[PDB]
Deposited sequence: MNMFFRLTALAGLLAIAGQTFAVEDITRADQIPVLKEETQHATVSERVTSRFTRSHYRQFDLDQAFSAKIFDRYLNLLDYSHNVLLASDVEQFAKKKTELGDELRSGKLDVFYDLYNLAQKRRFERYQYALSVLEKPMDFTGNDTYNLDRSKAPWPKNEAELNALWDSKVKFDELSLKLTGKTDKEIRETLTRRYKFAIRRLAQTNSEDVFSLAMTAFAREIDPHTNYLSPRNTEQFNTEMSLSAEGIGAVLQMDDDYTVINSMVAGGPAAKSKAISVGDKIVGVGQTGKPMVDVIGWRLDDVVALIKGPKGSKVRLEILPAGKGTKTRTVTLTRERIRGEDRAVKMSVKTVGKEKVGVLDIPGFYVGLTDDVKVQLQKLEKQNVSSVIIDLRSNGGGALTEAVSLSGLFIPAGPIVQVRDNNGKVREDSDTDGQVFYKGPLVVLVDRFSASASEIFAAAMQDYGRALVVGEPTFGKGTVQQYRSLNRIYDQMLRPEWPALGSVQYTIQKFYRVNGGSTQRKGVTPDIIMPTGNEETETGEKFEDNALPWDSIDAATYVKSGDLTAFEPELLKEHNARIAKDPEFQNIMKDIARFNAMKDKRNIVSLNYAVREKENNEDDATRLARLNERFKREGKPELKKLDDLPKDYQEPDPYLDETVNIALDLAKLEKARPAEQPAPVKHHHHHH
């Protein structure tokens, strides 16, 4: 183990890294969907992003350490083009030293008596904070951080002797981390600073489940539910199987559940769409050069034709969203739930190896990879799914709030935009039904207690997001919040069990580990699906 700054090894670029930088820059500047110019404005931003990778919390580096290298911040494009990585390695070695200073100061602080009876607060988001000007200012910031870390552990029932044991372990480990950092970790972080300024799905990479069916029965009526986990190769076949099976059961309507259904295979979105409509295009795919491909299901056998609801949430991403958008745009299915993720783009990997590397530089290692965006998705009506995602016809109460998840929140996400509509024939309309579906939905959820509680949690989450990043360092204030949190949860559970004829819990920890939350959104979608069945029949 390790007791002083000068025993942290000084990290240096490996002989291949200049070349790898040139190759990465070549790919990103020439082939990326986003057509950015690696000019001086862009170089500065790569620079700022690199600093935030070295010091997320703005409590390790000094403003004078930063201004030293910020003079030449606009030159980073050149540096990257010509494989000069001095700025990246110089800052990284300085950051390692500054980090060891912080951890060793933190170890010293731990011995001091802890007092959590203040009205002080801790900011969890320092990403917009001025850089600290000197050691005193760093030291105040780490007094505050160590107090947060201490109090964090106190609120989980640990003793002062045990807080100091844990944090000693943690801070000593963070120091052993510094010595075990290598050249590739530095290079990697420099290419990440470039990558992520282009878009949030672009990256540099250092070198080295089936469909479920159930039937819900409300009154005398029956609804089939297809629980789809992913758009896996083969899905569309397993769904045929299940649809013929529901036919035998004579179901009034069908729900397709694409909640938390992310990524996946685009072919499967196209072919799955095929099962419910017969037309051409499902999706339009645009490359990095204005060229548009239209993808079609050309075996126009419809296997369903009955009332259809698509159930989606904020985590429905990519293939999911294409399928849901097709069904919406064709007027084939009602979409219910939350606005989806808005993942409207596709990335691809590319090796940085060249076939003559081994021959001309036998001493090099293998070289790793880039991932970059190449295609954007558009709907048949012209609009992209990028950002806006799919907006449901009936939005559950959770959807009528701005969320902290989704492409629209990610850093430098590409914008929404549109192209011309494709040629297509709508299979239904369904806008007729919308005002009665919404009136009956709104009637039912005013009286359902799960929904009533969700409304309450939403009102409360909204009055608290004001101060979301500001945490109290007063142990009493924080215990009282933890206890009202546990008591609310307990009451929520007990309200449920009294309704169900199940025994009340005495305390929250007596709850089984395997306890399944109910699914109000799915339950209410069954009701929505049956409403649709009535209105479609006459």
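What ranges of the deposited sequence are left out of this structure?
In sequence order, the gaps with no modelled C-alpha are 1-24, 233-342, 673-688.
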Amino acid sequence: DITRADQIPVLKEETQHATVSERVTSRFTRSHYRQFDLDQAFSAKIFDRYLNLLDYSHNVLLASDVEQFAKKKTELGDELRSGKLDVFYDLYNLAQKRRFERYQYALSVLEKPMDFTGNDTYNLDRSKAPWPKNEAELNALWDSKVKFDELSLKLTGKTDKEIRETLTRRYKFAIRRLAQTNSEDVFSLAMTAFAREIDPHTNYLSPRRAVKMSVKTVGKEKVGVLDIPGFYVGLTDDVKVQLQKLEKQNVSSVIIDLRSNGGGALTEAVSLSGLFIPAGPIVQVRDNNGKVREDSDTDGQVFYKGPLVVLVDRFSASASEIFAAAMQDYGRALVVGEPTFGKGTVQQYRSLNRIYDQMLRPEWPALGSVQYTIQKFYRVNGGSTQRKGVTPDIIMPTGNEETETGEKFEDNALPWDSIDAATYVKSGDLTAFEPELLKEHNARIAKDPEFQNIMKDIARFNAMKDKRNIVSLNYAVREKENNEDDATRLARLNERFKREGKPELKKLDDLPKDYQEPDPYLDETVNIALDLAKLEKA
From here on, numbers count along this sequence of modelled residues.
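Per the record, averaged over C-alpha atoms, which has the higher B-factor: 474-482 or 491-499?
If you average the C-alpha B-factors of 491-499 and of 474-482, the larger mean comes out for 474-482.
When the C-alpha temperature factors are averaged for each of 412-420 and 452-460, which stretch ends up with the higher value in the entry?
Stretch with the greater average CA B-factor: 452-460.
Among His58, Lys513, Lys45, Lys506, where is the Cα temperature factor highest, going by the PDB entry?
Max CA B-factor in the entry, restricted to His58, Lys513, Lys45, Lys506: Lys513.
For the listed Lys245, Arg354, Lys376, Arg314, which has the peak Cα B-factor recorded in the PDB entry?
If I rank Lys245, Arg354, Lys376, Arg314 by C-alpha B-factor, first place goes to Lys245.
Using the B-factor values recorded in the entry, state whether the Cα atom of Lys84 falls in the lowest, middle or highest third among the modelled residues of its chain.
According to the entry, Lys84 has a C-alpha B-factor in the chain's middle third.
Going by the entry, which third of its chain does the Cα temperature factor of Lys467 land in?
Within its chain, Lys467 is a highest-third residue by C-alpha B-factor, going by the deposited values.
How does the C-alpha B factor of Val425 compare with the rest of the chain: lowest, middle or highest third?
Answer is highest: the recorded C-alpha B-factor places it there.
Split into thirds by Cα B-factor across the chain's modelled residues, where does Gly389 land: lowest, middle or highest?
Its C-alpha B-factor belongs to the lowest third of this chain's values.
If you rank every modelled residue in this chain by C-alpha B factor, which third holds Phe433: lowest, middle or highest?
Its C-alpha B-factor, which the entry lists for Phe433, ranks in the highest third among residues of this chain.
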